[PDB]
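Next up: just one chain, as structure tokens, the form deposited in one PDB entry.
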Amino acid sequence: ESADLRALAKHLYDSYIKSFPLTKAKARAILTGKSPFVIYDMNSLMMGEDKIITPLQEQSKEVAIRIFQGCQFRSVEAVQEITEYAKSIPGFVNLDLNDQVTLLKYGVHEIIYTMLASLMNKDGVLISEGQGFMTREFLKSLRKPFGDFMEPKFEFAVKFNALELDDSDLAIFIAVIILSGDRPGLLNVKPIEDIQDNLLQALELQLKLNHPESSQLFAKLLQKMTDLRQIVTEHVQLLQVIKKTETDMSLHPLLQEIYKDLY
């Protein structure tokens, strides 16, 4: 029933609003003008780092290393809030715990990038809960291989943002991503597909109601999941070049655990 689906949509949204201080609405409100300092080069980064506690040993490290060490902090927090949102998805806590961990290891960064897109435009990304703006070309200018981390997230975000989703849309779309039945190592595929198919109905209903003059938005949205797997795939391959060139780069053990036996 359309009444059941709108209930599921509403449930996911209320749960999404509860778990994620980063919302498209707030991000868009900052990019609309409804103030942030701009890091566009080395000089402006140093000025800006002050205006956004880390040990002195970590502070004395290379700029490139420091930028990706610090994003890690918001990253692991995202993985925790994403994990809690997952549990609030009907049926998920009833999956086998091995399958719960597997969907979540494969899914968290696709969601992180989906939510990250709200903060990017074709020129830069809102940082520090919207207080700052770091440019895409300055990220590209970082020492190799660091200059290559972010550029494929920008290319996705420009296209993902062109669809003008609401948070109420994204609440369902990210639930769909977590409950993907074809992740490697899933024991019970069909209970997972059982929930997702029902989530794909909610998402379809939600797009027809929220985007009535856009007939194939659903199709475009579902394809972006291919973009996200490719961005994770690329991102992980880059982490190993970072294990071979960089050593002092302090990876976070939860990120280590997620990136084990993955793609």
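Note that the rigid core is defined as the largest set of C-alphas that superpose within 1.5 Å between two forms. So that there is no doubt, residue numbering starts at 1 and follows the sequence shown.
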- Message: When the other structures of this protein are compared, and only where the residues around it are present, is residue 54 absent from a third or more of them?
- Response: yes
- Message: Does the chain run continuously from residue 34 to residue 35, or are deposited residues unmodelled in between? Answer none, 1 to 3, 4 to 9, or 10 or more.
- Response: 4 to 9
- Item | Residues with no coordinates between residue 52 and residue 53, taken from the deposited sequence as a class | 4 to 9
- As stated in the PDB record, which stretch has the larger average Cα B-factor, 186-194 or 109-117? 186-194
- Look up the CA B-factors in the entry and say which stretch, 153-161 or 123-131, has the higher mean. 123-131
- Query: If you check the C-alpha B-factor for each of 17, 9, 242, 25 in the entry, which is highest?
  - Reply: 242
- Item | Entry-reported Cα temperature factor of residue 65, expressed as the chain third it lands in | middle
- Message: Among the modelled residues of this chain, does the Cα B factor of residue 81 put it in the lowest, middle or highest third?
- Response: highest
- Message: Taking only the Cα B-factors deposited for this chain, tell me whether residue 166 sits in the lowest, middle or highest third.
- Response: middle
- Modelled-residue ranking by C-alpha temperature factor, third containing residue 42: middle
- Third of chain Cα B-factors occupied by residue 88: lowest
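Omitted from view is the form solved in complex with a partner chain, to which the following refers.
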- Location of the partner chain contact in the bound PDB entry, chosen stretch of 133-141, 164-172, 116-124, 87-95 [non-hydrogen atom, 4.5 Å]: 87-95
- Query: Can you check whether residue 100 is within 4.5 Å of the partner chain in the bound PDB entry, heavy atom basis?
  - Reply: yes
- May I ask you to state whether residue 108 is within 4.5 Å of the partner chain in the bound PDB entry, using heavy atom distances? yes
- Taking 4.5 angstroms as the cut-off for heavy atoms, does residue 128 touch the partner chain in the bound PDB entry? no
- Any idea which of 142, 101, 158, 78 has its C-alpha shifted 2 Å or more between this form and the one not shown with the rigid core fixed? 142
- For residue 224, decide whether the Cα shift between this form and the one not shown is 2 Å or greater, given a superposition on the rigid core. no
- Message: My question is whether residue 201 is one of the residues whose C-alpha shifts by 2 Å or more between this form and the one not shown, given a fit on the rigid core.
- Response: no
- Query: On a core-based superposition, does residue 248 travel 2 Å or more at its Cα between this form and the one not shown?
  - Reply: yes
- Task: Explain in one word, closer or farther, how the Cα atoms of residue 125 and residue 251 are placed in the bound PDB entry relative to this form, where the distance changes by 3 Å or more.
- Result: closer
- Query: residue 81 and residue 248: do their C-alpha atoms lie closer or farther in the bound PDB entry than in the form you see, with a change of 3 Å or more?
  - Reply: farther
